[PDB]
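Structural characterization, general
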6 protein chains.
Amino acid sequence: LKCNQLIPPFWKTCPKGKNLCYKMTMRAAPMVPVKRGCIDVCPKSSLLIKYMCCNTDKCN
Amino acid sequence: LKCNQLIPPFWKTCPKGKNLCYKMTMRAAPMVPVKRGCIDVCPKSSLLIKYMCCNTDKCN
Amino acid sequence: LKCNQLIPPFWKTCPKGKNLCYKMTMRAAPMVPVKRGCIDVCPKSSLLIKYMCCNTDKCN
Amino acid sequence: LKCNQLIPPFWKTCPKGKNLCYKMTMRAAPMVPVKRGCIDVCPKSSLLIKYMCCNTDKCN
Amino acid sequence: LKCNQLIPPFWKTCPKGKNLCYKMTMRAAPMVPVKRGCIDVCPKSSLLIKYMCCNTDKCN
Amino acid sequence: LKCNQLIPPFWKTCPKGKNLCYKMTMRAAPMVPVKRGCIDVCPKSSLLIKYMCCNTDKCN
Ligand SMILES: [Cl-]
Ligand SMILES: [Cl-]
Ligand SMILES: [Cl-]
Ligand SMILES: [Cl-]
Ligand SMILES: [Cl-]
Ligand SMILES: [Cl-]
Ligand SMILES: [Cl-]
Ligand SMILES: [Cl-]
Ligand SMILES: [Cl-]
Ligand SMILES: [Cl-]
Ligand SMILES: [Cl-]
Ligand SMILES: [Cl-]
Ligand SMILES: [Cl-]
Ligand SMILES: [Cl-]
Ligand SMILES: [Cl-]
Ligand SMILES: [Cl-]
Ligand SMILES: [Cl-]
Ligand SMILES: [Cl-]
Ligand SMILES: [Cl-]
Ligand SMILES: [Cl-]
Ligand SMILES: [Cl-]
Ligand SMILES: [Cl-]
Ligand SMILES: [Cl-]
Ligand SMILES: [Cl-]
Ligand SMILES: [Cl-]
Ligand SMILES: [Cl-]
Ligand SMILES: [Cl-]
Ligand SMILES: [Cl-]
């Protein structure tokens, strides 16, 4: 699995065990990602914060 | 299949016969979705109204 | 004059020359306005879009 | 007064009436600005959201 | 003079004799401030410990 | 093993080979740790930095 990240080169390969791509944003400002990378379990979203997780190459 | 929605808790399980997730927005205003949920047939887009459809959990 | 908006901080002071607040809604999705802001002339409503205008702080 | 903004050219001149530069961030992620520009009054911060305001050229 | 601090409500008014605001961080960890408040003399930095000092409201 | 961290989401699963959780604190600012994470060997404390290590989920 390959996922997008914030800084150049903008992509990376995930380690064994981290099999999800994720993106964190402010729910009120969906166009600016704050964190972007590989993870093992999807974190809990809240009213103000959203975590999106997916498992297809460069889906995040 | 689970899809994102506008009302708390912000997700729902789709009923029998809806096998896609979707999002509806106005051209040049991508940060304000006006419709978000489960659907049967993906609608056709026009100059002002844009639709996106997908088939994995909370992809919309 | 100060009007409501859909993007943070959810309020805005209008420039001199814009003395009305407004709301814009698409007929295809009547429960969710696509824009809230300041304007100089209230636009005529059409077959696809409805407009509502008012003149006091946070009326829209 | 001149202030920084998010997209290229990364700077701009403020209108008359907007005499403060601002930056909005998630309190837990101080290195990624979500919004950046000119404003008239500083918005209220909260536990999760911080607004920083200043009035010297390119202070934000 | 008002300065930012780590404890809620996240700001304080400085007492007589403290005419500067400051922030203390470790090199390569700018997102975790370990000290933040009002001060008299700005301390000298070293290889691992970095200090910044300023003189306008909530500049730190 | 799962350890606490200072950056969102405030928890992390350690890679195979890292079987301890730790906390790092500078003697110049004893009330605020600068880092929390996973490690393989607990480092010796020095004149400037103190280290604490433990072996169970979210102990650090
Ligand atoms: Cl593994
Ligand atoms: Cl979103
Ligand atoms: Cl990552
Ligand atoms: Cl990784
Ligand atoms: Cl399901
Ligand atoms: Cl449905
Ligand atoms: Cl057609
Ligand atoms: Cl077009
Ligand atoms: Cl066009
Ligand atoms: Cl006003
Ligand atoms: Cl305008
Ligand atoms: Cl609304
Ligand atoms: Cl407007
Ligand atoms: Cl306007
Ligand atoms: Cl003016
Ligand atoms: Cl900050
Ligand atoms: Cl602006
Ligand atoms: Cl402006
Ligand atoms: Cl003061
Ligand atoms: Cl003090
Ligand atoms: Cl010296
Ligand atoms: Cl160095
Ligand atoms: Cl070095
Ligand atoms: Cl574990
Ligand atoms: Cl590692
Ligand atoms: Cl702590
Ligand atoms: Cl770590
Ligand atoms: Cl690690």
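Criteria and cut-off values
- Within each chain the first residue of the written sequence is number 1 and the count goes on from 1 in that order, possibly differing from the entry; residues lacking coordinates are omitted.
- For naming, the first written chain is A and the first written ligand is 1, with later ones following in the order written.
- Water and hydrogen atoms play no part in the side-chain values, which are based on all heavy atoms of the structure.
- UniProt positions are given in the numbering used here, feature names are shortened, and annotations may be inferred rather than shown by experiment.
- Numbering of helices and strands starts at the N terminus; helices are DSSP runs of H or I of at least 4 residues and strands are runs of E of at least 2.
- Our radius of gyration is a C-alpha quantity, and the globule rule it is checked against amounts to 2.2 Å times the number of residues to the power 0.38.
- Throughout, exposure labels follow a simple rule: accessible area from a 1.4 Å probe, protein chains only, divided by the maximum for the residue type, with under 20% read as buried, over 50% as exposed, and the rest as partly exposed.
- Whether two residues are in contact is decided by their heavy atoms, any of which lying within 4.5 Å being enough.
- Note on areas: these come from Shrake-Rupley sampling with a 1.4 Å probe, and a residue is covered only by the protein chains present in the view.
- Throughout, superposition of copies is done by least squares over C-alpha atoms.
- Residues adjacent in sequence count toward polar contacts only when both atoms are side-chain atoms; beyond that, a polar contact is any pair of N or O atoms within 3.5 Å, and within protein one must be able to donate a hydrogen and the other to accept it.
- Side-chain rings of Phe, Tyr and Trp, where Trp is taken by its six-membered ring, are said to pair if the distance between their centres is within 6.5 Å; with planes under 30 degrees apart they count as stacked, over 60 as edge-to-face, and otherwise as tilted.
- Charge-over-ring contacts are defined here by two conditions on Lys NZ or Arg CZ: a distance within 6 Å of the ring centre and an angle within 35 degrees of the ring normal.
- For any pair of parts, buried area is found by adding up, for both, the accessible area (1.4 Å probe) each one loses once the two are put together.
- By definition here, a salt bridge exists when the distance from a side-chain nitrogen of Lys or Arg to a carboxyl oxygen of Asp or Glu is within 4 Å.
- Think of it as three bins: nonpolar holds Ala, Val, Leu, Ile, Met, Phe, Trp, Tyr, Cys and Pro, charged holds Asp, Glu, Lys and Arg, and polar takes everything else, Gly as well.

The name given to chain A in the PDB entry is GAMMA-CARDIOTOXIN, with the source organism recorded as Naja nigricollis. The record held by UniProt for chain A lists under Sequence similarities the comment "Belongs to the three-finger toxin family. Short-chain subfamily. Type IA cytotoxin sub-subfamily."

1. With respect to the overall build of chain A
Along its length, chain A carries zero helices and five strands. Its helices and strands taken in sequence order, chain A reads β-β-β-β-β from the N to the C terminus. Against the compact-globule benchmark of 10 Å for 60 residues, chain A has a radius of gyration of 11 Å, which places it among compact chains. Oriented by its inertia axes, the alpha-carbon framework of chain A measures out at about 30 × 25 × 15 Å. Going through the 60 residues of chain A one by one, you find that 38% of them count as buried. Sequence-distant contacts, at least 24 apart, represent 41% of the contacts inside chain A between residues at least 6 apart. Accessible area of chain A: about 3400 Å², with a carbon and sulfur share of 60%.

2. Looking at the relation of the copies chain B and chain C
With an RMSD of 1.1 Å, chain B superimposes on chain C once it is rotated by 175° and translated 2.1 Å along the axis. Of the residues that chain B buries at the interface, 70% are likewise interface residues in chain C, meaning the two copies contact each other through the same surface.

3. Description of the side chain of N4 of chain E
Along the chain, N4 of chain E falls in strand β1 (residues 2-4). Polar side-chain contacts of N4 of chain E include one of 3.4 Å to the backbone oxygen of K58 of chain E. In this structure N4 of chain E touches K50 of chain D together with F10, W11, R36, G37, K58 and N60 of chain E, once residues within four positions along its chain are discounted.

4. What to know about the arrangement of the chains
There is a clear gap between chain B and chain D: no contact, and 13 Å between their nearest C-alpha atoms. Contact between chain C and chain E is absent, and the minimum C-alpha spacing across the pair is 20 Å.

5. What about the packing of aromatic side chains?
Within the structure shown, the criterion is met by zero aromatic pairs over all chains. Between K2 of chain B and the ring centre of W11 of chain B, over which it is positioned, the NZ or CZ distance is 5.5 Å.

6. Thoughts on the interface of chain B and chain C
Each partner contributes residues to the interface: chain B has ten residues there, and chain C has ten residues. Across the interface of chain B and chain C, roughly 820 Å² is buried in total on both sides, 89% from carbon and sulfur atoms. The largest contributions to the chain B side of the interface with chain C come from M26, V32 and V34 of chain B, which together make up 55% of the buried area. In this assembly, chain B and chain C are joined by zero salt bridges. Taken together, the links from chain B to chain C amount to zero residue pairs in polar contact. When the residues that make up the side of chain B that touches chain C are grouped by side-chain class, the tally is nine nonpolar, no polar and one charged.

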